[PDB]
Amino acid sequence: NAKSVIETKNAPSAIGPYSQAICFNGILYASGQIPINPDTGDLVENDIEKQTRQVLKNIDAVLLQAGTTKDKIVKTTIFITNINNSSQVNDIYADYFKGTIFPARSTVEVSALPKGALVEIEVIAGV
């Protein structure tokens, strides 16, 4: 249960002094994921739907490397640069979480995100 690191080449390499996720006392604390394609290191196109899809795939990669799944996510925070993009984010986020007990959640409009991203999603999960 002591603090352990999660590292996978299937999620973006850390672009700063942080770990992709930390497991501790049965909780996986994921870094906020932005819409970087892990294979190229580039932000995907300036399109909220494509970016939401990329973020959720990056989160999934972190969960898999930790040996857990999206069904175990307890709580998320959505940081978006335009509150009017909430519905398009929700429409895809729901697809990802369909059939699970939906996590608790907060959504707020931020003024800017790393690399000019439109959305960043942070999750905590059970291990």
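Quick note: we count residues from 1 along the sequence shown, nothing fancier.
In this entry, 15 to 23 has the higher mean Cα B-factor, the comparison being between 103 to 111 and 15 to 23. The stretch 1 to 9 shows the higher mean C-alpha B-factor when 1 to 9 is compared against 118 to 126 in the entry. In the PDB entry, the Cα temperature factor peaks, among 46, 33, 82, 77, at 46. Out of 90, 65, 58, 52, the entry records its largest CA B-factor for 65.
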